[PDB]
Amino acid sequence: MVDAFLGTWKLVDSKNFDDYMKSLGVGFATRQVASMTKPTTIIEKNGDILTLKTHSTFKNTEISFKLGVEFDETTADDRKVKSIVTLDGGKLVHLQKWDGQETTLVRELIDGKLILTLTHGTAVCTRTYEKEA
Ligand SMILES: CCCCCCCCCCCCCCC(=O)O
């Protein structure tokens with residue numbers, strides 16, 4: 001179900017990421033470096049466990065989860081959240097909850113590119129990844 005998302009992906013476009021980070025309370029210096037960073041995202045499965053790595057010259061993260069099963073997560077900006085990832089309309093939807101707040105990280109495939117839409121508050125960021133061979 002999740003197989004077309006699997007592999008290694010490289011950031012090739014970013015819109016409104018500063019808006020998104022600022023909504024989350026990320027400090028100006030972190031936003032400044034992040035705005036010039038191009039992460040690599042690696043999505044792997046082993047049975048129904050998915051592992052999603054984000055690698056960069058600035059911050060690295062890694063999460064493992066089962067679709068539809070809540071997990072604890074500590075984000076790149078150091079939020080401690082309750083998370084769930086599910087498939088919805090063919091999109092990989094990651095919902096994070098903390099302190100009554102929520103953010104969604106939605107991944108979809110369009111013309112072979114991986115489009116990540118990040119929403120928090122009114123901020124909507126779109127980041128595009130292309131697949132590495
Ligand atoms: C990984 C780049 C550094 C961002 C660090 C501070 C903001 C983190 C915000 C939450 C995570 C965003 C992930 C964006 C993405 O995977 O392209």
# chains A, B, ... in the order shown; residues from 1 in each chain; ligands from 1
>>> residues_around(residues="stretch 80-84 of chain A", least_positions_apart="6", cutoff="9 Å", atoms="only C-alpha atoms", output="VMD selection string")
chain A and resid 65 to 74 93 to 99
>>> residues_around(residues="residue A:20", least_positions_apart="3", cutoff="7 Å", atoms="only C-alpha atoms", output="ChimeraX atom specification")
/A:16-17,23-24,119-120,123-125
>>> residues_near_ligand(ligand="ligand 1", cutoff="7 Å", atoms="only C-alpha atoms and all ligand atoms", output="PyMOL selection string")
chain A and resi 11+21+26+30-31+34+37+39+41+54+56+58-60+75-77+127
>>> select_by_dssp(residues="stretch 26-107 of chain A", states="alpha helix (DSSP H)", output="PyMOL selection string")
chain A and resi 28-34
>>> closest_residue(among="A:9, A:61, A:45, A:101", to="residue A:78", atoms="only C-alpha atoms")
A:61
>>> residues_around(residues="residue A:92", least_positions_apart="3", cutoff="12 Å", atoms="only C-alpha atoms", output="JSON, numbers by chain")
{"A": [1, 2, 3, 4, 5, 6, 43, 50, 52, 67, 68, 84, 85, 86, 87, 88, 89, 95, 104, 105, 106, 107, 108, 109, 114, 115, 116, 117]}
>>> write_last_selection(atoms="N, CA, C and O atoms", output="mmCIF file, in the first residue's frame")
data_model
loop_
_atom_site.group_PDB
_atom_site.id
_atom_site.type_symbol
_atom_site.label_atom_id
_atom_site.label_comp_id
_atom_site.auth_asym_id
_atom_site.auth_seq_id
_atom_site.Cartn_x
_atom_site.Cartn_y
_atom_site.Cartn_z
ATOM 1 N N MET A 1 0.857 -1.234 0.000
ATOM 2 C CA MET A 1 0.000 0.000 0.000
ATOM 3 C C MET A 1 0.875 1.260 0.000
ATOM 4 O O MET A 1 0.551 2.233 -0.664
ATOM 5 N N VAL A 2 1.914 1.236 0.823
ATOM 6 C CA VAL A 2 2.836 2.379 1.105
ATOM 7 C C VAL A 2 3.971 2.391 0.073
ATOM 8 O O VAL A 2 4.829 3.265 0.126
ATOM 9 N N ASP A 3 4.141 1.244 -0.960
ATOM 10 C CA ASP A 3 5.408 0.921 -1.644
ATOM 11 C C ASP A 3 5.872 2.044 -2.565
ATOM 12 O O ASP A 3 7.078 2.207 -2.702
ATOM 13 N N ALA A 4 4.985 2.837 -3.140
ATOM 14 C CA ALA A 4 5.500 3.851 -4.063
ATOM 15 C C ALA A 4 6.229 4.985 -3.315
ATOM 16 O O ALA A 4 6.957 5.737 -3.941
ATOM 17 N N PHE A 5 6.009 5.114 -1.998
ATOM 18 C CA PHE A 5 6.718 6.123 -1.184
ATOM 19 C C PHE A 5 8.127 5.674 -0.811
ATOM 20 O O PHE A 5 8.908 6.498 -0.334
ATOM 21 N N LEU A 6 8.426 4.388 -0.907
ATOM 22 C CA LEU A 6 9.689 3.880 -0.373
ATOM 23 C C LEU A 6 10.857 4.322 -1.226
ATOM 24 O O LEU A 6 10.733 4.392 -2.456
ATOM 25 N N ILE A 43 12.732 6.402 3.179
ATOM 26 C CA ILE A 43 11.548 5.706 3.711
ATOM 27 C C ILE A 43 11.751 4.234 3.382
ATOM 28 O O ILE A 43 11.920 3.867 2.198
ATOM 29 N N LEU A 50 7.490 0.801 9.291
ATOM 30 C CA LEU A 50 8.134 1.804 8.434
ATOM 31 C C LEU A 50 9.176 2.545 9.250
ATOM 32 O O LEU A 50 8.976 2.822 10.439
ATOM 33 N N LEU A 52 11.432 6.129 8.756
ATOM 34 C CA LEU A 52 11.570 7.360 7.978
ATOM 35 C C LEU A 52 12.721 8.140 8.571
ATOM 36 O O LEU A 52 12.673 8.596 9.722
ATOM 37 N N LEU A 67 1.731 1.728 10.610
ATOM 38 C CA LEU A 67 0.609 2.556 10.196
ATOM 39 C C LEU A 67 -0.529 2.326 11.161
ATOM 40 O O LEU A 67 -0.853 1.173 11.539
ATOM 41 N N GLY A 68 -1.156 3.420 11.560
ATOM 42 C CA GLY A 68 -2.359 3.347 12.368
ATOM 43 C C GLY A 68 -2.129 3.071 13.825
ATOM 44 O O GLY A 68 -3.122 2.880 14.508
ATOM 45 N N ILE A 84 0.761 9.722 14.797
ATOM 46 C CA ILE A 84 0.187 8.573 14.093
ATOM 47 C C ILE A 84 0.366 8.847 12.607
ATOM 48 O O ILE A 84 0.212 9.996 12.164
ATOM 49 N N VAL A 85 0.671 7.804 11.858
ATOM 50 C CA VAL A 85 0.812 7.874 10.397
ATOM 51 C C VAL A 85 -0.173 6.885 9.800
ATOM 52 O O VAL A 85 -0.239 5.729 10.242
ATOM 53 N N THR A 86 -0.906 7.315 8.802
ATOM 54 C CA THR A 86 -1.869 6.443 8.152
ATOM 55 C C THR A 86 -1.892 6.805 6.680
ATOM 56 O O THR A 86 -1.595 7.916 6.283
ATOM 57 N N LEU A 87 -2.487 5.854 5.852
ATOM 58 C CA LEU A 87 -2.758 6.137 4.442
ATOM 59 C C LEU A 87 -4.182 6.616 4.341
ATOM 60 O O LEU A 87 -5.095 5.988 4.880
ATOM 61 N N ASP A 88 -4.350 7.681 3.600
ATOM 62 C CA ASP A 88 -5.661 8.344 3.472
ATOM 63 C C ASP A 88 -5.724 8.888 2.050
ATOM 64 O O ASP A 88 -4.943 9.766 1.686
ATOM 65 N N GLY A 89 -6.582 8.319 1.226
ATOM 66 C CA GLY A 89 -6.650 8.787 -0.155
ATOM 67 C C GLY A 89 -5.370 8.558 -0.911
ATOM 68 O O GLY A 89 -5.063 9.331 -1.825
ATOM 69 N N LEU A 95 0.154 12.823 11.613
ATOM 70 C CA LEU A 95 -0.452 13.787 12.530
ATOM 71 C C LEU A 95 0.343 13.780 13.830
ATOM 72 O O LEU A 95 0.545 12.707 14.415
ATOM 73 N N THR A 104 -0.011 18.599 10.740
ATOM 74 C CA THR A 104 -0.040 17.485 9.799
ATOM 75 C C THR A 104 1.090 17.622 8.794
ATOM 76 O O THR A 104 1.415 18.725 8.329
ATOM 77 N N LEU A 105 1.628 16.467 8.445
ATOM 78 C CA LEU A 105 2.690 16.307 7.444
ATOM 79 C C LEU A 105 2.127 15.316 6.440
ATOM 80 O O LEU A 105 2.024 14.117 6.769
ATOM 81 N N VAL A 106 1.712 15.786 5.276
ATOM 82 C CA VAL A 106 1.002 14.954 4.305
ATOM 83 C C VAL A 106 1.919 14.741 3.111
ATOM 84 O O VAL A 106 2.421 15.707 2.535
ATOM 85 N N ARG A 107 2.133 13.486 2.728
ATOM 86 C CA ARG A 107 2.976 13.148 1.574
ATOM 87 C C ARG A 107 2.109 12.527 0.489
ATOM 88 O O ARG A 107 1.327 11.609 0.740
ATOM 89 N N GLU A 108 2.290 13.010 -0.731
ATOM 90 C CA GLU A 108 1.583 12.471 -1.890
ATOM 91 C C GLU A 108 2.540 12.421 -3.063
ATOM 92 O O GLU A 108 3.492 13.179 -3.133
ATOM 93 N N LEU A 109 2.246 11.548 -3.990
ATOM 94 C CA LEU A 109 3.049 11.412 -5.206
ATOM 95 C C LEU A 109 2.309 12.089 -6.347
ATOM 96 O O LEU A 109 1.135 11.778 -6.588
ATOM 97 N N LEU A 114 7.553 13.534 -4.802
ATOM 98 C CA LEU A 114 6.956 13.386 -3.470
ATOM 99 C C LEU A 114 6.697 14.791 -2.937
ATOM 100 O O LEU A 114 7.638 15.542 -2.693
ATOM 101 N N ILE A 115 5.423 15.147 -2.776
ATOM 102 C CA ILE A 115 5.010 16.479 -2.297
ATOM 103 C C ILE A 115 4.630 16.336 -0.831
ATOM 104 O O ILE A 115 3.706 15.577 -0.491
ATOM 105 N N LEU A 116 5.349 17.061 0.015
ATOM 106 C CA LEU A 116 5.133 17.106 1.460
ATOM 107 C C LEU A 116 4.455 18.428 1.783
ATOM 108 O O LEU A 116 5.038 19.493 1.560
ATOM 109 N N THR A 117 3.250 18.354 2.337
ATOM 110 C CA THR A 117 2.504 19.542 2.749
ATOM 111 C C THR A 117 2.470 19.551 4.268
ATOM 112 O O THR A 117 1.977 18.599 4.895
#
>>> atom_distance(atom1="atom CA of residue A:12", atom2="atom CA of residue A:55")
14.4 Å
>>> select_by_dssp(residues="chain A", states="strand (DSSP E or B)", output="PyMOL selection string")
chain A and resi 7-15+40-46+49-55+61-66+71-74+80-88+91-98+101-110+113-120+123-132
>>> write_last_selection(atoms="C-alpha atoms", output="PDB file, in the first residue's frame")
ATOM      1  CA  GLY A   7      13.212   4.928  -1.254  1.00  0.00           C
ATOM      2  CA  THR A   8      15.588   7.851  -1.047  1.00  0.00           C
ATOM      3  CA  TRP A   9      14.289  11.348  -1.801  1.00  0.00           C
ATOM      4  CA  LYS A  10      16.075  14.697  -2.158  1.00  0.00           C
ATOM      5  CA  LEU A  11      14.583  18.170  -1.522  1.00  0.00           C
ATOM      6  CA  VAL A  12      14.242  20.148  -4.772  1.00  0.00           C
ATOM      7  CA  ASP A  13      11.691  22.909  -3.921  1.00  0.00           C
ATOM      8  CA  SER A  14      10.391  24.586  -0.767  1.00  0.00           C
ATOM      9  CA  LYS A  15       7.525  27.047  -0.302  1.00  0.00           C
ATOM     10  CA  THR A  40      17.463  13.590   2.150  1.00  0.00           C
ATOM     11  CA  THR A  41      14.452  11.553   3.287  1.00  0.00           C
ATOM     12  CA  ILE A  42      14.726   7.755   3.299  1.00  0.00           C
ATOM     13  CA  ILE A  43      11.548   5.706   3.711  1.00  0.00           C
ATOM     14  CA  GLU A  44      12.021   1.935   4.277  1.00  0.00           C
ATOM     15  CA  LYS A  45       9.714  -0.883   5.357  1.00  0.00           C
ATOM     16  CA  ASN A  46      10.262  -4.198   7.076  1.00  0.00           C
ATOM     17  CA  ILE A  49       7.152  -1.347  10.305  1.00  0.00           C
ATOM     18  CA  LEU A  50       8.134   1.804   8.434  1.00  0.00           C
ATOM     19  CA  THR A  51      11.290   3.750   9.164  1.00  0.00           C
ATOM     20  CA  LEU A  52      11.570   7.360   7.978  1.00  0.00           C
ATOM     21  CA  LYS A  53      14.990   8.995   8.146  1.00  0.00           C
ATOM     22  CA  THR A  54      15.653  12.681   7.481  1.00  0.00           C
ATOM     23  CA  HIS A  55      19.338  13.446   6.936  1.00  0.00           C
ATOM     24  CA  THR A  61      15.934  12.510  12.617  1.00  0.00           C
ATOM     25  CA  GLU A  62      14.646   8.944  12.469  1.00  0.00           C
ATOM     26  CA  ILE A  63      11.255   7.496  13.371  1.00  0.00           C
ATOM     27  CA  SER A  64       9.892   3.958  13.186  1.00  0.00           C
ATOM     28  CA  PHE A  65       6.177   3.208  13.327  1.00  0.00           C
ATOM     29  CA  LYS A  66       3.374   0.892  12.351  1.00  0.00           C
ATOM     30  CA  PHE A  71       3.974   6.445  18.730  1.00  0.00           C
ATOM     31  CA  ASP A  72       5.980   8.929  20.754  1.00  0.00           C
ATOM     32  CA  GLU A  73       8.189  11.261  18.686  1.00  0.00           C
ATOM     33  CA  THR A  74      10.712  13.986  19.413  1.00  0.00           C
ATOM     34  CA  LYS A  80       7.712  15.903  22.259  1.00  0.00           C
ATOM     35  CA  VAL A  81       4.572  14.789  20.418  1.00  0.00           C
ATOM     36  CA  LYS A  82       2.099  11.930  20.081  1.00  0.00           C
ATOM     37  CA  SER A  83       2.104  10.802  16.456  1.00  0.00           C
ATOM     38  CA  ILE A  84       0.187   8.573  14.093  1.00  0.00           C
ATOM     39  CA  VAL A  85       0.812   7.874  10.397  1.00  0.00           C
ATOM     40  CA  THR A  86      -1.869   6.443   8.152  1.00  0.00           C
ATOM     41  CA  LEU A  87      -2.758   6.137   4.442  1.00  0.00           C
ATOM     42  CA  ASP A  88      -5.661   8.344   3.472  1.00  0.00           C
ATOM     43  CA  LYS A  91      -1.475   9.934   0.818  1.00  0.00           C
ATOM     44  CA  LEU A  92       0.803   9.186   3.750  1.00  0.00           C
ATOM     45  CA  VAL A  93      -0.671  11.399   6.557  1.00  0.00           C
ATOM     46  CA  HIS A  94       1.425  12.038   9.695  1.00  0.00           C
ATOM     47  CA  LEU A  95      -0.452  13.787  12.530  1.00  0.00           C
ATOM     48  CA  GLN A  96       1.460  15.151  15.564  1.00  0.00           C
ATOM     49  CA  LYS A  97      -0.315  16.237  18.795  1.00  0.00           C
ATOM     50  CA  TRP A  98       1.204  18.093  21.758  1.00  0.00           C
ATOM     51  CA  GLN A 101      -1.817  21.651  19.277  1.00  0.00           C
ATOM     52  CA  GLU A 102      -1.689  19.654  16.075  1.00  0.00           C
ATOM     53  CA  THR A 103       0.329  19.655  12.876  1.00  0.00           C
ATOM     54  CA  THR A 104      -0.040  17.485   9.799  1.00  0.00           C
ATOM     55  CA  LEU A 105       2.690  16.307   7.444  1.00  0.00           C
ATOM     56  CA  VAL A 106       1.002  14.954   4.305  1.00  0.00           C
ATOM     57  CA  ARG A 107       2.976  13.148   1.574  1.00  0.00           C
ATOM     58  CA  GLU A 108       1.583  12.471  -1.890  1.00  0.00           C
ATOM     59  CA  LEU A 109       3.049  11.412  -5.206  1.00  0.00           C
ATOM     60  CA  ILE A 110       2.450  13.699  -8.215  1.00  0.00           C
ATOM     61  CA  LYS A 113       7.633  13.594  -7.202  1.00  0.00           C
ATOM     62  CA  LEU A 114       6.956  13.386  -3.470  1.00  0.00           C
ATOM     63  CA  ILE A 115       5.010  16.479  -2.297  1.00  0.00           C
ATOM     64  CA  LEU A 116       5.133  17.106   1.460  1.00  0.00           C
ATOM     65  CA  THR A 117       2.504  19.542   2.749  1.00  0.00           C
ATOM     66  CA  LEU A 118       3.094  20.826   6.299  1.00  0.00           C
ATOM     67  CA  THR A 119       0.230  22.619   8.088  1.00  0.00           C
ATOM     68  CA  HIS A 120       0.285  24.255  11.535  1.00  0.00           C
ATOM     69  CA  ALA A 123       0.770  28.189   7.833  1.00  0.00           C
ATOM     70  CA  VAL A 124       0.873  25.826   4.857  1.00  0.00           C
ATOM     71  CA  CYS A 125       4.274  24.765   3.497  1.00  0.00           C
ATOM     72  CA  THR A 126       4.851  22.662   0.369  1.00  0.00           C
ATOM     73  CA  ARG A 127       8.144  20.887  -0.146  1.00  0.00           C
ATOM     74  CA  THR A 128       8.948  18.804  -3.143  1.00  0.00           C
ATOM     75  CA  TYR A 129      11.287  15.819  -3.145  1.00  0.00           C
ATOM     76  CA  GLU A 130      12.598  13.867  -6.137  1.00  0.00           C
ATOM     77  CA  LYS A 131      13.604  10.277  -6.014  1.00  0.00           C
ATOM     78  CA  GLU A 132      17.298   9.217  -5.936  1.00  0.00           C
TER      79      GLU A 132
END
>>> closest_residue(among="A:121, A:79, A:19, A:112", to="residue A:35", atoms="only C-alpha atoms")
A:19
>>> decode(residues="stretch 42-56 of chain A", atoms="N, CA, C and O atoms", output="short mmCIF file (atom, residue, chain, number, x, y, z; two decimals), in the first residue's frame")
data_model
loop_
_atom_site.label_atom_id
_atom_site.label_comp_id
_atom_site.auth_asym_id
_atom_site.auth_seq_id
_atom_site.Cartn_x
_atom_site.Cartn_y
_atom_site.Cartn_z
N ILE A 42 14.66 9.19 3.66
CA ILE A 42 14.73 7.75 3.30
C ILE A 42 13.55 7.08 3.97
O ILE A 42 13.40 7.18 5.20
N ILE A 43 12.73 6.40 3.18
CA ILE A 43 11.55 5.71 3.71
C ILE A 43 11.75 4.23 3.38
O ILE A 43 11.92 3.87 2.20
N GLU A 44 11.78 3.39 4.41
CA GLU A 44 12.02 1.93 4.28
C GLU A 44 10.91 1.19 5.01
O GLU A 44 10.34 1.70 5.98
N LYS A 45 10.61 -0.03 4.57
CA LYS A 45 9.71 -0.88 5.36
C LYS A 45 10.37 -2.22 5.61
O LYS A 45 11.16 -2.72 4.81
N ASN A 46 9.93 -2.81 6.71
CA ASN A 46 10.26 -4.20 7.08
C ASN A 46 8.97 -4.77 7.64
O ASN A 46 8.60 -4.42 8.76
N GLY A 47 8.29 -5.54 6.82
CA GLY A 47 6.95 -5.98 7.23
C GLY A 47 6.07 -4.77 7.44
O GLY A 47 6.07 -3.84 6.63
N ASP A 48 5.30 -4.65 8.50
CA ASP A 48 4.48 -3.42 8.50
C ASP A 48 5.14 -2.35 9.39
O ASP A 48 4.42 -1.37 9.77
N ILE A 49 6.46 -2.46 9.65
CA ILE A 49 7.15 -1.35 10.30
C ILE A 49 7.82 -0.48 9.26
O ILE A 49 8.65 -0.94 8.48
N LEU A 50 7.49 0.80 9.29
CA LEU A 50 8.13 1.80 8.43
C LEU A 50 9.18 2.55 9.25
O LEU A 50 8.98 2.82 10.44
N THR A 51 10.28 2.89 8.59
CA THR A 51 11.29 3.75 9.16
C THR A 51 11.50 4.92 8.21
O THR A 51 11.70 4.71 7.02
N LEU A 52 11.43 6.13 8.76
CA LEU A 52 11.57 7.36 7.98
C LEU A 52 12.72 8.14 8.57
O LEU A 52 12.67 8.60 9.72
N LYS A 53 13.78 8.26 7.78
CA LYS A 53 14.99 8.99 8.15
C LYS A 53 14.99 10.33 7.42
O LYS A 53 14.67 10.38 6.23
N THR A 54 15.40 11.38 8.11
CA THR A 54 15.65 12.68 7.48
C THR A 54 17.09 13.06 7.82
O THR A 54 17.43 13.17 8.99
N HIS A 55 17.90 13.20 6.79
CA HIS A 55 19.34 13.45 6.94
C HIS A 55 19.68 14.79 6.33
O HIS A 55 19.19 15.14 5.25
N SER A 56 20.56 15.54 6.99
CA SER A 56 21.01 16.80 6.43
C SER A 56 22.30 17.23 7.09
O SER A 56 22.77 16.61 8.03
#
